[PDB]
Amino acid sequence: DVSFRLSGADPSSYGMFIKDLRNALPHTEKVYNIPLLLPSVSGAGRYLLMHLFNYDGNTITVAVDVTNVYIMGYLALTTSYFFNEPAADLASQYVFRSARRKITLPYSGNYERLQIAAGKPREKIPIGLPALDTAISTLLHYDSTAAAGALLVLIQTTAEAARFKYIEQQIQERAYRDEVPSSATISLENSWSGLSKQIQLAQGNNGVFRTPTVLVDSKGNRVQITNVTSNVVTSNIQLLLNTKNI
Ligand SMILES: *[C@@H]1O[C@H](CO)[C@@H](O)[C@H](O)[C@H]1NC(C)=O
Ligand SMILES: CN(C)C(=N)NCCC[C@H](N)C(=O)O
């Protein structure tokens, strides 16, 4: 399990939480010095629990699939909540079993569905540590529209930050003031699966991508990633989705 407390939080404590989250995801192999997430895990060991506390000390526990860093659901007091998708229903067999009641959210966890339910794309949703405090507070008592937006914040400030150093740093900049995600942030989120695949395929293609990945850099400019000597690979990406899950 990993924990994060918004009360007294600063860029340093958030970084320690993201480090903890990365370290809780198992791997047997690194590919170009980046941990390779496992193809599969059986039973309850497939799920990591994150304990998040809002500024007031109230808490949710979030269940994360350790093979892909996908949030499956969360526990708020005695009620569990899960995404409307097969992987999450499976997860509900193993975590939060002692909840008095289980609600299936009226959407899956994919970004496009969540944005529809929330009423806005995440280009327009401010993120940061104050937004995460708000998200935790929202998820404490059920409200499916509010929850969709809260979940978009939660996913980007936990899972996406775990995957990319740049995104972690973006959230650190927003420790005390929310701001919509940078164009590079959205680009990286969208490209994780693509990048994970091309990095694994580069193991037998001399570090060369079979298919180049187009990204936006720290300044809105549309660039092509063609090999493992790229910044994105050497410095930024921190976890690889196993190609067996792509
Ligand atoms: C590989 O990527 C580097 C760094 O982005 C770039 O400068 C170079 O042009 C690329 N080289 C090849 C052979 O793809
Ligand atoms: C990290 N996440 C949540 C995202 N970037 N989107 C990936 C797909 C979501 C998945 N269905 C889920 O269960 O979370």
# chains A, B, ... in the order shown; residues from 1 in each chain; ligands from 1
$ closest_atom_pairs --of "stretch 144-220 of chain A" --to "stretch 60-83 of chain A" --cutoff "9 Å" --atoms "only C-alpha atoms" --output "JSON lines"
{"residue": "A:155", "atom": "CA", "partner": "A:71", "partner_atom": "CA", "distance": 7.2}
{"residue": "A:159", "atom": "CA", "partner": "A:69", "partner_atom": "CA", "distance": 5.8}
{"residue": "A:160", "atom": "CA", "partner": "A:69", "partner_atom": "CA", "distance": 8.4}
{"residue": "A:162", "atom": "CA", "partner": "A:69", "partner_atom": "CA", "distance": 8.4}
{"residue": "A:163", "atom": "CA", "partner": "A:69", "partner_atom": "CA", "distance": 8.4}
$ write_last_selection --atoms "N, CA, C and O atoms" --output "mmCIF file, in the first residue's frame"
data_model
loop_
_atom_site.group_PDB
_atom_site.id
_atom_site.type_symbol
_atom_site.label_atom_id
_atom_site.label_comp_id
_atom_site.auth_asym_id
_atom_site.auth_seq_id
_atom_site.Cartn_x
_atom_site.Cartn_y
_atom_site.Cartn_z
ATOM 1 N N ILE A 155 -6.920 10.302 -11.775
ATOM 2 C CA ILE A 155 -6.112 9.503 -12.708
ATOM 3 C C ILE A 155 -4.833 10.242 -13.115
ATOM 4 O O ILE A 155 -3.747 9.652 -13.138
ATOM 5 N N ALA A 159 -1.822 8.006 -11.433
ATOM 6 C CA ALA A 159 -1.357 7.082 -12.470
ATOM 7 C C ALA A 159 -0.517 7.754 -13.557
ATOM 8 O O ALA A 159 0.561 7.259 -13.889
ATOM 9 N N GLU A 160 -0.962 8.890 -14.094
ATOM 10 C CA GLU A 160 -0.211 9.499 -15.203
ATOM 11 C C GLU A 160 1.118 10.074 -14.722
ATOM 12 O O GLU A 160 2.126 10.013 -15.430
ATOM 13 N N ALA A 162 2.822 8.827 -12.218
ATOM 14 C CA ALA A 162 3.661 7.644 -12.025
ATOM 15 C C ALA A 162 4.347 7.252 -13.334
ATOM 16 O O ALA A 162 5.522 6.873 -13.339
ATOM 17 N N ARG A 163 3.627 7.366 -14.442
ATOM 18 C CA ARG A 163 4.166 6.947 -15.737
ATOM 19 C C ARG A 163 5.159 7.898 -16.365
ATOM 20 O O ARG A 163 6.030 7.452 -17.111
#
$ select_by_dssp --residues "stretch 65-221 of chain A" --states "strand (DSSP E or B)" --output "short mmCIF file (atom, residue, chain, number, x, y, z; two decimals) with C-alpha atoms, in the first residue's frame"
data_model
loop_
_atom_site.label_atom_id
_atom_site.label_comp_id
_atom_site.auth_asym_id
_atom_site.auth_seq_id
_atom_site.Cartn_x
_atom_site.Cartn_y
_atom_site.Cartn_z
CA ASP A 65 -4.27 -2.73 -11.42
CA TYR A 70 -5.51 1.52 -14.31
CA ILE A 71 -7.72 2.62 -11.44
CA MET A 72 -10.43 -0.04 -10.98
CA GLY A 73 -12.45 1.49 -8.15
CA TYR A 74 -12.23 3.03 -4.68
CA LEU A 75 -13.61 2.74 -1.16
CA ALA A 76 -15.25 5.64 0.67
CA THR A 79 -19.26 1.98 0.11
CA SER A 80 -17.15 0.66 -2.73
CA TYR A 81 -17.33 2.09 -6.25
CA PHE A 82 -16.10 0.39 -9.46
CA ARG A 101 -22.52 -1.76 -0.36
CA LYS A 102 -21.02 -1.78 -3.91
CA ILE A 103 -21.93 0.78 -6.57
CA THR A 104 -21.02 0.32 -10.24
CA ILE A 127 -5.40 19.74 -12.12
CA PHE A 164 5.87 10.19 -16.75
CA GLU A 179 -4.08 24.75 -13.88
CA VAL A 208 14.82 2.26 -33.54
CA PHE A 209 11.04 2.59 -33.37
CA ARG A 210 9.20 0.47 -35.98
CA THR A 211 6.57 3.23 -36.02
CA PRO A 212 7.44 6.78 -34.91
CA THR A 213 5.35 8.35 -32.13
CA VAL A 214 4.21 11.96 -32.61
CA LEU A 215 4.21 14.13 -29.45
CA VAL A 216 3.90 17.69 -28.18
#
$ residues_near_ligand --ligand "ligand 1" --cutoff "10 Å" --atoms "only C-alpha atoms and all ligand atoms" --output "JSON, numbers by chain"
{"A": [206, 207, 208, 209, 212, 223, 224, 225, 226, 227, 228, 229, 230, 231, 232, 233, 234]}
$ write_last_selection --atoms "N, CA, C and O atoms" --output "short mmCIF file (atom, residue, chain, number, x, y, z; two decimals), in the first residue's frame"
data_model
loop_
_atom_site.label_atom_id
_atom_site.label_comp_id
_atom_site.auth_asym_id
_atom_site.auth_seq_id
_atom_site.Cartn_x
_atom_site.Cartn_y
_atom_site.Cartn_z
N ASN A 206 17.62 -2.24 -32.98
CA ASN A 206 18.76 -1.36 -32.73
C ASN A 206 18.38 -0.06 -32.02
O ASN A 206 19.02 0.98 -32.23
N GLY A 207 17.35 -0.12 -31.18
CA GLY A 207 16.83 1.07 -30.51
C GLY A 207 15.93 1.94 -31.38
O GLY A 207 15.51 3.01 -30.94
N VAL A 208 15.64 1.49 -32.60
CA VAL A 208 14.82 2.26 -33.54
C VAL A 208 13.36 1.84 -33.39
O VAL A 208 13.05 0.65 -33.29
N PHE A 209 12.48 2.83 -33.38
CA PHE A 209 11.04 2.59 -33.37
C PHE A 209 10.60 2.05 -34.73
O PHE A 209 10.95 2.61 -35.77
N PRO A 212 7.17 5.60 -35.73
CA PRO A 212 7.44 6.78 -34.91
C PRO A 212 6.20 7.30 -34.18
O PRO A 212 5.10 7.24 -34.71
N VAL A 223 6.33 16.97 -32.32
CA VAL A 223 7.57 16.26 -32.64
C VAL A 223 7.41 14.75 -32.80
O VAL A 223 6.47 14.16 -32.29
N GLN A 224 8.36 14.16 -33.52
CA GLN A 224 8.34 12.75 -33.84
C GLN A 224 9.43 12.06 -33.05
O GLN A 224 10.60 12.45 -33.13
N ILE A 225 9.04 11.05 -32.28
CA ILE A 225 9.97 10.23 -31.52
C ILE A 225 10.24 8.97 -32.34
O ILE A 225 9.31 8.22 -32.66
N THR A 226 11.50 8.75 -32.69
CA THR A 226 11.90 7.71 -33.64
C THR A 226 12.82 6.64 -33.04
O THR A 226 12.97 5.56 -33.61
N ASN A 227 13.45 6.95 -31.91
CA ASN A 227 14.38 6.01 -31.28
C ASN A 227 14.54 6.24 -29.78
O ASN A 227 14.06 7.24 -29.23
N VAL A 228 15.21 5.29 -29.13
CA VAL A 228 15.38 5.30 -27.67
C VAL A 228 16.33 6.36 -27.12
O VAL A 228 16.42 6.52 -25.90
N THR A 229 17.04 7.08 -27.98
CA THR A 229 17.93 8.15 -27.49
C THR A 229 17.14 9.43 -27.22
O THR A 229 17.70 10.41 -26.73
N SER A 230 15.85 9.41 -27.54
CA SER A 230 14.98 10.53 -27.25
C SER A 230 14.85 10.76 -25.74
O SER A 230 14.79 9.82 -24.95
N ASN A 231 14.84 12.04 -25.38
CA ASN A 231 14.47 12.52 -24.04
C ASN A 231 13.32 11.77 -23.39
O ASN A 231 13.36 11.41 -22.22
N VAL A 232 12.26 11.58 -24.17
CA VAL A 232 11.04 10.96 -23.69
C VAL A 232 11.36 9.57 -23.12
O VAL A 232 10.79 9.15 -22.11
N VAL A 233 12.30 8.88 -23.75
CA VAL A 233 12.68 7.52 -23.34
C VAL A 233 13.77 7.52 -22.25
O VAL A 233 13.70 6.73 -21.31
N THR A 234 14.76 8.40 -22.37
CA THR A 234 15.90 8.41 -21.44
C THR A 234 15.59 9.06 -20.10
O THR A 234 16.16 8.68 -19.07
#
$ closest_residue --among "A:84, A:183, A:56, A:105" --to "residue A:142" --atoms "only C-alpha atoms"
A:105
$ select_by_dssp --residues "stretch 174-243 of chain A" --states "helix (DSSP H, G or I)" --output "list in words"
residues 183, 184, 185, 186, 187, 188, 189, 190, 191, 192, 193, 194, 195, 196, 197, 198, 199, 200, 201, 202, 203, 204, 231, 232, 233, 234, 235, 236 and 243 of chain A
$ write_last_selection --atoms "C-alpha atoms" --output "mmCIF file, in the first residue's frame"
data_model
loop_
_atom_site.group_PDB
_atom_site.id
_atom_site.type_symbol
_atom_site.label_atom_id
_atom_site.label_comp_id
_atom_site.auth_asym_id
_atom_site.auth_seq_id
_atom_site.Cartn_x
_atom_site.Cartn_y
_atom_site.Cartn_z
ATOM 1 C CA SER A 183 -0.547 20.137 -24.243
ATOM 2 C CA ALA A 184 2.492 17.869 -23.664
ATOM 3 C CA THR A 185 0.744 16.361 -20.635
ATOM 4 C CA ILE A 186 -2.310 15.369 -22.716
ATOM 5 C CA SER A 187 -0.019 14.093 -25.509
ATOM 6 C CA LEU A 188 1.993 11.850 -23.143
ATOM 7 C CA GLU A 189 -1.162 10.434 -21.516
ATOM 8 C CA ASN A 190 -2.504 9.573 -24.937
ATOM 9 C CA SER A 191 0.837 8.079 -26.103
ATOM 10 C CA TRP A 192 1.807 5.833 -23.179
ATOM 11 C CA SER A 193 0.597 2.604 -24.797
ATOM 12 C CA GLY A 194 2.174 3.565 -28.146
ATOM 13 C CA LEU A 195 5.482 4.476 -26.489
ATOM 14 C CA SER A 196 5.552 1.378 -24.283
ATOM 15 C CA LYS A 197 5.127 -0.736 -27.405
ATOM 16 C CA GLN A 198 7.753 1.025 -29.579
ATOM 17 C CA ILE A 199 10.339 0.859 -26.758
ATOM 18 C CA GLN A 200 9.803 -2.895 -26.384
ATOM 19 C CA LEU A 201 9.942 -3.363 -30.189
ATOM 20 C CA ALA A 202 13.195 -1.387 -30.248
ATOM 21 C CA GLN A 203 14.954 -4.202 -28.265
ATOM 22 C CA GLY A 204 15.539 -6.019 -31.599
ATOM 23 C CA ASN A 231 14.469 12.517 -24.042
ATOM 24 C CA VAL A 232 11.036 10.960 -23.685
ATOM 25 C CA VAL A 233 12.685 7.524 -23.339
ATOM 26 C CA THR A 234 15.899 8.407 -21.441
ATOM 27 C CA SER A 235 14.465 10.900 -18.951
ATOM 28 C CA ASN A 236 10.662 10.981 -18.934
ATOM 29 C CA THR A 243 3.219 -5.435 -25.082
#
$ atom_distance --atom1 "atom CA of residue A:112" --atom2 "atom 4 (C, counted along the ligand's line) of ligand 2"
9.6 Å
$ residues_around --residues "residue A:157" --least-positions-apart "4" --cutoff "10 Å" --atoms "only C-alpha atoms" --output "VMD selection string"
chain A and resid 14 18 127 to 129 131 to 132 151 to 153 161 to 162 167 to 168 170 to 172
$ write_last_selection --atoms "N, CA and C atoms" --output "tab-separated table (two decimals), in the first residue's frame"
chain	number	residue	atom	x	y	z
A	14	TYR	N	4.69	15.14	-2.32
A	14	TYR	CA	4.03	14.58	-3.50
A	14	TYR	C	5.00	13.71	-4.29
A	18	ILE	N	4.67	9.70	-5.33
A	18	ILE	CA	4.78	9.16	-6.69
A	18	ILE	C	5.91	8.14	-6.78
A	127	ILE	N	-5.99	20.74	-12.99
A	127	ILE	CA	-5.40	19.74	-12.12
A	127	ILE	C	-4.32	20.35	-11.23
A	128	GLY	N	-3.94	19.60	-10.21
A	128	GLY	CA	-3.01	20.07	-9.20
A	128	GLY	C	-3.34	19.42	-7.88
A	129	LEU	N	-2.61	19.81	-6.84
A	129	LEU	CA	-2.87	19.24	-5.52
A	129	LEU	C	-4.16	19.77	-4.90
A	131	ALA	N	-6.81	20.50	-6.61
A	131	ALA	CA	-7.83	19.75	-7.36
A	131	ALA	C	-7.95	18.31	-6.85
A	132	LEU	N	-6.82	17.72	-6.46
A	132	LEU	CA	-6.85	16.38	-5.89
A	132	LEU	C	-7.58	16.38	-4.55
A	151	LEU	N	-12.56	11.86	-10.94
A	151	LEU	CA	-11.77	10.72	-11.38
A	151	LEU	C	-10.76	11.12	-12.45
A	152	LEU	N	-11.13	12.03	-13.35
A	152	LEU	CA	-10.16	12.57	-14.31
A	152	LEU	C	-9.00	13.25	-13.60
A	153	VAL	N	-9.29	13.97	-12.52
A	153	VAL	CA	-8.22	14.60	-11.75
A	153	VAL	C	-7.37	13.53	-11.08
A	161	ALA	N	1.12	10.63	-13.51
A	161	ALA	CA	2.37	11.12	-12.91
A	161	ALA	C	3.34	9.98	-12.63
A	162	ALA	N	2.82	8.83	-12.22
A	162	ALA	CA	3.66	7.64	-12.03
A	162	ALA	C	4.35	7.25	-13.33
A	167	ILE	N	5.01	14.67	-16.12
A	167	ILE	CA	3.68	14.89	-15.55
A	167	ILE	C	3.76	15.06	-14.03
A	168	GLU	N	4.57	14.25	-13.36
A	168	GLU	CA	4.86	14.45	-11.94
A	168	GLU	C	5.30	15.90	-11.67
A	170	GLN	N	4.81	18.57	-13.54
A	170	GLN	CA	3.68	19.46	-13.81
A	170	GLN	C	2.76	19.58	-12.60
A	171	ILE	N	2.50	18.46	-11.93
A	171	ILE	CA	1.66	18.48	-10.73
A	171	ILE	C	2.38	19.19	-9.57
A	172	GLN	N	3.70	19.00	-9.46
A	172	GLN	CA	4.48	19.71	-8.44
A	172	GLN	C	4.42	21.22	-8.59
